[PDB]
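Structure, as structure tokens:
Hydrogens, waters and symmetry mates are skipped; everything else that's a heavy atom, side chains included, is used. Letters A, B, ... are given to chains in the order of the sequence lines, protein chains preceding strands, and every chain is numbered from 1.
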There are 2 protein chains.
Amino acid sequence: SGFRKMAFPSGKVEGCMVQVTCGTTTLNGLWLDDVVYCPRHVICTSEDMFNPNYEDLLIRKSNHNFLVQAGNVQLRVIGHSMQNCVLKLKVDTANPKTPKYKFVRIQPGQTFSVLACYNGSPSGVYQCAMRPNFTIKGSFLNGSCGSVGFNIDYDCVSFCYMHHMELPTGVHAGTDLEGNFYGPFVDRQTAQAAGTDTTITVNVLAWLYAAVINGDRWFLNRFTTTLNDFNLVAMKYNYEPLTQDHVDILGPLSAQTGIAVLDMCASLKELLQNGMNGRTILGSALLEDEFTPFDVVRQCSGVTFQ
Amino acid sequence: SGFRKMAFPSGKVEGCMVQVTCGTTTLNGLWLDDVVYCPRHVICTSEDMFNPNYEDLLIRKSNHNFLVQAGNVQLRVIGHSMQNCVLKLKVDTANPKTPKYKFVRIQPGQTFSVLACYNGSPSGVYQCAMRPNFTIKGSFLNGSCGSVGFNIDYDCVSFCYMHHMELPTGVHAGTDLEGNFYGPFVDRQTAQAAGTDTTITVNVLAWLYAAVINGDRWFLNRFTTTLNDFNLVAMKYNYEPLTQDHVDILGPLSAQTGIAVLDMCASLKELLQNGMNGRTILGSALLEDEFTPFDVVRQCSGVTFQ
């Protein structure tokens, strides 16, 4: 019982976090086997900011220009290259605490745990969703660049996000671990702004299911509706359209509660049109959209057939 | 910028979690040096829970009745004893990952991180608060007992909670690591239930500061009030009293924002009576009380000594 914004245990990623210095710029890197990955913007000075020439800046740097520290231990850089916006520093020592891992690119609507770090030292861990407009609503201060987001999928650490920057609305933008930005952003100081966001409908429904599992029922009505009619209401309140895939994805939560997906859709329609009757659901006074169906399952159901 | 429910990195605590089986009950234990700490109710069958005499149930048990497992490696139990409601199993092997640690007893209002575990395997990490009525609104499933809560100062893990049971309302009760329960609860199947809970006023205020710091201002007014007047309003709405110790603790944030504490109390008062008239603060439509002033400062680092 209970429901909380729960992140994955951070231990396997903590052991990969390093500090990377280039001139007067320090930020975080991720150390897997004999490679440290970090934002390429660490090689910039204030004079590069206008039109940074990364290709040129990279070749002009020697291995010695990169100070890499894992705790107190200095790692020697023996090579440097660039994949898109991520810098790959080859080092002389392979990380003995390298977990089994993969680099994955997540989709909008999906969540992951962020390990916020500073000077290569983990500060804290929290859950984020990739917003439909490809930002995350994170929590980062100066020196957090290079912090990474991940999921634990079986035994495997699936790394999906590396932090690059804050946009002027206070939201956050970054790349996958191959250095490609989520969204239409670039790793330089230019006029760029988040597109308008939408609410992740399938996640809201999952969160409602979570409420039902934990004994919140007041918003349940006896109504059912159709995909089509639901989607018309969705659009009116800036909610992403719902698809059959979404309906399928909610199946596990339907079975737990005995509430058909389309019935929960009718309950959601009613909360949208008429509000939340001054009540809270799972310690919140608005409709939460940053929990996937899987996040609800992993927290509230597990492997229960019974 | 940004503000999130953020937990400490769980790595140091992950390396201490182990499984403890006695009979058909499996739950979690904490392995520090050559001692495993777990809830003493691991030795009870379902029947014993009604009226259990642990002193007597313990006599029935030999060392061989406890199977302790760190991953797959069996730790031989060579001693078993009992301090209040926690069992201490002396094992043959000292935990090589034992971090620097203290046992501390926290007070209502203070926050900590929970490493939710199952069969000695970490599942997730989230932030909680010791409620004024000595419960926590955690998120636990079957097999979570013996999961622990902690703060991390430097490399020092301060353990403050071990999880023992779910009360009927879905909220959670447990002990410090010396086995004393928080609040008047007991490890027996009885009529017992949580006292009625109140909101943690000083936390709400810290959060409001966090909001100002992150650009949310609409709830500010120009009024000032006094402690006395404020506390009268507090009492009406089941807020905890605000003391002058709380007023000083908020001095840093008052300074940073240039909003006097009693000014902020006046803003809260208005929110308290009248609500948020359809607006949000830090992405929430209610008053959050699970961030301490310290939690706020950690995510909203000042520029004083930057």
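Here the side chains of B:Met165 and B:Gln192 are in contact, with some heavy-atom distance below 4.5 Å.
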B:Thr201/B:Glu240 under side-chain hydrogen bond (donor to acceptor under 3.5 Å, both in side chains): CA gap, chis, key distance, verdict: CA-CA 6 Å; B:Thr201 306; B:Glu240 287 288 284; over 6 Å; no

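The contact between B:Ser301 and chain A is made by backbone and side chain atoms together, counting heavy-atom distances below 4.5 Å. Both the backbone and the side chain of B:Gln299 come within contact range of chain A, judged by heavy atoms closer than 4.5 Å. Neither the backbone nor the side chain of B:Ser113 has a heavy atom closer than 4.5 Å to any heavy atom of chain A. Only the side chain of B:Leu115 has a heavy atom closer than 4.5 Å to any heavy atom of chain A.
In summary, the side chains of A:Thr304 and A:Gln256 do present a donor paired with an acceptor at a separation below 3.5 Å, with no hydrogens or angles considered. Residues A:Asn133 and A:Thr135 have side chains that bring a donor and an acceptor to within less than 3.5 angstrom of each other.
Each of B:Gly2, B:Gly275, B:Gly283, B:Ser139 has some count of heavy-atom pairs under 4.5 Å with chain A, and the biggest count is that of B:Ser139. For the set B:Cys128, B:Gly215, B:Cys117, the count of heavy-atom pairs under 4.5 angstrom toward chain A peaks at B:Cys128. Contact count versus chain B (heavy atoms, under 4.5 Å) is highest, among A:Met6, A:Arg298, A:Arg4, for A:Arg4. Counting heavy-atom pairs under 4.5 Å between each of B:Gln306, B:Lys12, B:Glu290 and chain A puts B:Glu290 at the top. Of the residues considered (B:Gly11, B:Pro9, B:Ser10), B:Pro9 shows the highest number of contacts with chain A, using heavy-atom pairs under 4.5 Å. Top candidate by heavy-atom pairs under 4.5 Å with chain A, chosen from B:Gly15, B:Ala116, B:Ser123, is B:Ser123.
Atoms CG and OH, on A:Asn28 and A:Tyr118 in that order, are 9.0 Å from each other to the nearest 0.5 Å.
Checking each of A:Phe112, A:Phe140, A:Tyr182 against A:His163 for a ring pair (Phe, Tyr, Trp, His ring centres under 6.0 Å) leaves exactly one that passes, namely A:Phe140.
A salt bridge links A:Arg131 and A:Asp289; the closest N-O separation between the charged side-chain nitrogens and carboxylate oxygens is under 4.0 Å.
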